[PDB]
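# Residue-level structural notes
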Amino acid sequence: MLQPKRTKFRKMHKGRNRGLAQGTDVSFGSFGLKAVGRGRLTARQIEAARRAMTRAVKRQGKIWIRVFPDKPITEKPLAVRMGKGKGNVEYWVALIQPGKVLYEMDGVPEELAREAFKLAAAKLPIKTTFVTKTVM
Amino acid sequence: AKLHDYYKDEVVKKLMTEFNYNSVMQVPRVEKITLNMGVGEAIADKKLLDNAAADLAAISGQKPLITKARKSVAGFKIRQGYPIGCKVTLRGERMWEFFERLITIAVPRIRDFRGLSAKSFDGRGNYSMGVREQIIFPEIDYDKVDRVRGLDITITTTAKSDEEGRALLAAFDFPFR
Amino acid sequence: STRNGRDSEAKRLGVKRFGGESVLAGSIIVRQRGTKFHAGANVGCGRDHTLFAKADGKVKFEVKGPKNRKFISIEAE
Amino acid sequence: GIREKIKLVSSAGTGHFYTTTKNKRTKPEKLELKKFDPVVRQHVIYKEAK
Amino acid sequence: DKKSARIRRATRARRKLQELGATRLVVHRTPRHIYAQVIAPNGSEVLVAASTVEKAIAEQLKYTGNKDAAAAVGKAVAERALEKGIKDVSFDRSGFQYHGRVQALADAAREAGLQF
Amino acid sequence: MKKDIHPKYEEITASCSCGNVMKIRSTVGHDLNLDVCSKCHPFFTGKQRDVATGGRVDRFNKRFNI
RNA sequence: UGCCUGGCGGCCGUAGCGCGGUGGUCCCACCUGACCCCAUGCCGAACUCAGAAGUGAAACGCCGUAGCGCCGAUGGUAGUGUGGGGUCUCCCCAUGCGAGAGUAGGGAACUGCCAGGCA
RNA sequence: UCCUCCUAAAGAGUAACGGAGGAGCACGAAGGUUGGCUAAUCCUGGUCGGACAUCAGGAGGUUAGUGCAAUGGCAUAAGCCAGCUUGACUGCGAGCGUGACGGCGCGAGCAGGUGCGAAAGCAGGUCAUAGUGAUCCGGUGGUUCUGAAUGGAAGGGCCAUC
RNA sequence: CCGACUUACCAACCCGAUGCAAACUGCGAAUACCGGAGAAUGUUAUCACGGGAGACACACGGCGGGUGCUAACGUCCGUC
Ligand SMILES: [Mg+2]
Ligand SMILES: [Mg+2]
Ligand SMILES: [Mg+2]
Ligand SMILES: [Mg+2]
Ligand SMILES: [Mg+2]
Ligand SMILES: [Mg+2]
Ligand SMILES: [Mg+2]
Ligand SMILES: [Mg+2]
Ligand SMILES: [Mg+2]
Ligand SMILES: [Mg+2]
Ligand SMILES: [Mg+2]
Ligand SMILES: [Mg+2]
Ligand SMILES: [Mg+2]
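Residues numbered from 1 in each chain as written, not as in the entry; some residues may be left out. Chains lettered and ligands numbered in written order. Part of a larger assembly, values for the part shown. Heavy atoms only, no water.

### Let's talk about the layout of surface pockets
Going by this rule: The rule is simple: put a 1 Å grid over the protein atoms alone, call a set of points where a 1.4 Å probe fits but cannot get out a cavity, call an open set with protein on both sides within 12 Å along at least five of seven lines a pocket, and count a residue as lining if it has an atom within 4 Å of a point. Grid points are joined across faces, edges and corners, and a volume is the space filled by probe spheres set on the points. Strands are runs of DSSP state E lasting at least 2 residues, helices are runs of H or I lasting at least 4, and numbering of each runs from the N terminus. When residue character is reported, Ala, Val, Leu, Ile, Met, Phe, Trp, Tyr, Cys and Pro are called nonpolar, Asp, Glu, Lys and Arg charged, and the others, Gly included, polar.
Here the largest pocket is characterised by a volume of approximately 1200 Å³. Lining the largest pocket are 24 residues, with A39(C), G40(C), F71(C), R15(E) and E19(E) positioned closest to its centre. Counting only elements with at least two residues in the lining of the largest pocket, the list comes to β4 (38-39) of chain C together with α2 (11-19) of chain E. With six residues, the top contributor of residues to the lining of the largest pocket is α2(E). Per-class residue counts for the lining of the largest pocket are seven nonpolar, eight polar and nine charged.

### Examining the protein's contact with RNA strand I
Test applied: When at least one non-hydrogen atom of a residue lies within 4 Å of a molecule or strand, that residue is treated as near it. Any N or O atom pair separated by 3.5 Å or less is treated as a polar contact, with the protein-specific requirement of one donor-capable and one acceptor-capable atom, and with residues adjacent in sequence counted only for side-chain atom pairs.
Near RNA strand I lie 26 residues; those nearest to it are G15(A), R16(A), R18(A), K86(A) and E21(C). If you look at RNA strand I and keep only atoms within 4 Å of the protein, 63% of those are sugar or phosphate atoms. Backbone polar atom of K11(A) to a base nitrogen of RNA strand I: 2.9 Å apart, as the coordinates give it. Separating a phosphate oxygen of RNA strand I from a backbone N or O atom of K14(A) is a distance of 3.4 Å. Its residues placed into classes, the surface near RNA strand I shows five nonpolar, nine polar and 12 charged.

### Describing the arrangement of the chains
To keep things clear, this is the line we draw: Any pair of residues with heavy atoms lying within 4.5 Å of one another is described as a contacting pair.
Most contacts, when the two pairs of chains in contact are compared, are made between chains B and F. Chain B makes no contact with chain C; the smallest distance between any of their C-alpha atoms is 29 Å. A gap remains between chain A and chain F, with no contact made and the closest C-alpha atoms lying 57 Å from each other.

### Topic: unusual backbone geometry
Our working definition: Accessibility here uses a 1.4 Å probe with only protein chains present; expressed as a share of the type maximum, an area under 20% marks a residue as buried, one over 50% as exposed, and anything in between as partly exposed.
Even without being a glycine, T2(C) presents a positive backbone phi close to 55°. Residue position: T2(C) is located in the segment before β1 (14-15). In this structure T2(C) comes out as exposed when scored by relative accessible area, which is 54%. We note that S94(E) has phi near 65°; this positive angle belongs to a residue other than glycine. For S94(E), a relative accessible area of 4% translates into the label buried.

### Comments concerning the protein's contact with RNA strand G
Around RNA strand G, the surrounding shell holds 51 residues, and the nearest of these are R18(A), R91(B), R29(E), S44(E) and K62(E). Sugar and phosphate atoms constitute 72% of the interface atoms of RNA strand G, taking the interface as everything within 4 Å of the protein. A distance of 2.4 Å separates a base oxygen of RNA strand G from a polar atom in the side chain of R91(B). Here a phosphate oxygen of RNA strand G and a backbone polar atom of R101(E) are 2.8 Å apart. When the residues that make up the surface near RNA strand G are grouped by side-chain class, the tally is 12 nonpolar, 18 polar and 21 charged.

### What to know about the side chain of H33(E)
All names here are of chain E. Following the sequence through the fold, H33 ends up in strand β2 (residues 33-39). Residue classification places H33 among the buried positions, given a relative accessible area of 17%. What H33 contacts, discounting residues up to four positions off in sequence, is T52, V53, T64, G65 and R101.

### With respect to the interface of chain B and chain F
Operational definition: As used here, buried area is the combined drop in accessible area, with a 1.4 Å probe, of two parts when they are placed together. For this document, the term salt bridge refers to a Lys or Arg side-chain nitrogen within 4 Å of an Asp or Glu carboxyl oxygen.
The interface of chain B with chain F comprises 21 residues on the first partner and 23 residues on the second. Contact between chain B and chain F buries roughly 2000 Å² in total, counting both sides, with carbon and sulfur atoms accounting for 58%. Summed over the three residues of chain B that lose the most area to chain F, namely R94(B), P108(B) and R114(B), the buried surface amounts to 27% of that side. For the interface between chain B and chain F, the tally reads two salt bridges. The residue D50(F) makes a salt bridge to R114(B) at a minimum N-O spacing of 2.8 Å. There are eight residue pairs in polar contact connecting chain B and chain F. With nine residues, helix α3 (residues 93-106) of chain B is the single largest residue contributor to the side of chain B that touches chain F.

Shape is all these values report; function is a separate question.
What follows is the structure in structure tokens.
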């Protein structure tokens, strides 16, 4: 489960989520799974979609995860009234904007890559798409 | 002393022909000698550093400069300002007077002398040498002294390379291998 | 949870008389903490680095200096 | 804290004193500073007192 | 560097004399010569200059670049600037310790009518 | 020099048993007599005379008197 | 008027670092000596005094070279004031302002006041 | 109760039982001035010596340092040494800043007497921002200002201070 | 002893590529704010002093946010 070690501060503002993403092209591999939606995507869904990918190919190629949560999310306990401090951090999410390339892998035929990414796209809340490398 | 004009009359001509120098004073020359010994254990007791200082002043006729810790390090339990060791630098005449009597009596008195290594240059043309024994100099009578603290000889020449630095020291009959 | 809830009164810093303003003598030009604006021609410097006028005139901000530091001066216009 | 209050009473004979603080644990001896006495309008010595 | 360390050693006094808006008498010293010149409060243009390299001064001097030479140039600077109406200047060390030829350069200029 | 904070530094006559009479400036207070100096120190000819420790086969062969 | 050099500024990397070449009549720099004027928490190494033998090696100045540093458009993108709109935890339309990064490229400064030497 | 940063939407200000840390001091030098100096961390070479002491060269550049938390600052150093010293002084103060007020803060310059420096000059505490509480009541010292018929005095007032 | 040979290990500093930050900044808007000048317009709309008050329980909506679950006709701020 991806999670930063030795963070500067325990709790972090909610903030907002606007604009398009920066890493919008495949730079390490040749096939990439690119988001089209928006929303925080926790560290539990990152691992659940990685397992569904290293199992579809199961022997070949390298896999790059181009996202990292580094955003603490705090949840208030149950039967607790509002106020009296901030909640205790529970999980970590990686804020995703459209265009962000989440996963990408090289070393497998395109047909196997296309189907493997489909098995991971069913474990992520956001609407993803398949993208291939270009030249620029 | 005599080594100075020996350098002027012989070493300059020896090195001018060897290295094909165009100007007279482009040949390297030694500019200072630095003598020290960090007693280190003077952290516990003060009278050792005063004893080491008396030794350095006897070896070279100058009062040593006591040096203090540059930064506090917990490895040896020292802190800023703690006197750790002495230091003496010799220039001009007193440099040659100590230098002449280093190469002629002190080094030959080394117990089981085998030769000073010629690969001790710091990569620019300066020579550094330990002695491990402060009794080889005649200014120690073996009876006043108690410890076997060693010195640290440094030959600071204006040579641009150790290849030239080796030649300059060799021209002074330095006991290399 | 709790162990927080402390702060201090705001010190009301910042530039008081901006560039092009006609000031009197001794009028405070900028209250600062470090030395963000350096004293130039005809302005002084307090013990808390407050910059004050020394002759009546028009304020001027300039970036003279080898290190490109902001300077404040006064033109006796 | 450990720093207590003293007064430097003038030596010009007039009654004038500058009041300051001084740590006694490190230094138990008196204080001697040449200061200004407005009563006589001269710089005179101020020995510590109280 | 031996000159750069001196330049930053004389910056504080040199910038205060400009903020003060006062005429200054900068003094440059060389192992073989000594120079002096009176620079306007602007700092960019000079009013009066006299130095040992001047042939009108060096020919009467046994060896330019000693205390007796620094006394002669100081007199020259003061008399040259006396007919120009400059009387109130401020001495500038330029980083040299006010101890040797610069002291004689100032002292002879001070005695020759200049007030600083 | 800083005017009498240093030990006395004078000229002495240092000589060897094999000559090597070389005048030097030092701080001892009295002339000193020592061994062969760098001129006559056997650091350049006794090398074979220095590495000679050992010898067992020939020593036994001496004892082979039969 | 021209060239070389020193002092004081303006200006602040298009102005600095690196690599190579070059300069000693004057200037500058290293340099000789140290009782003295002064100094080293030891050392004339630095500071300082007394001079001129040697040198342009080091430093400094000048010239050349883009390997870095640095400056950097046009077009587009993000953002955003006002007025409207949507399937309104985010966007779109009309209009005004319009980056940052990157690309093409520019680029090893320019200049003012005195004082020497030469032609 | 006070100090530093964020929330605070590029002037000032701005809330929550919002997110993070500090103070109730210290210094007669750790203040003033004059003179001088520049770090961390690395490489190489070097007796004990070692990943790491002290030393000699080179790279680097302030990534060090600041009595004390954080921010802003600092090479002309506000950082680091030494000499002499008490401006950590008295009466004032043009003109501003910030508070509903009580108040708090900055301040050129004038008068009298000092300190450092050759001099120009700098000095009315400390790199700046925390280190603190009004009035009443009473204590100590100075000062004819008053002194319930008059001369004194007790007691008040003013100045310094607890 | 010198470490003499090995490892299927991990691995700091630097080099190239890729992201994140309210308490990061070698860059940096739009608006807002302060000052000056100018025409038009506005039954002085501005400031000072003085007589009289009320009020100090706010609510929703848009935009920028803290908290909450980017839940609440929830709660606390800025601006309209
Ligand atoms: Mg603000
Ligand atoms: Mg605002
Ligand atoms: Mg409000
Ligand atoms: Mg201090
Ligand atoms: Mg100073
Ligand atoms: Mg100070
Ligand atoms: Mg402080
Ligand atoms: Mg009476
Ligand atoms: Mg009374
Ligand atoms: Mg109320
Ligand atoms: Mg209310
Ligand atoms: Mg409200
Ligand atoms: Mg409500």
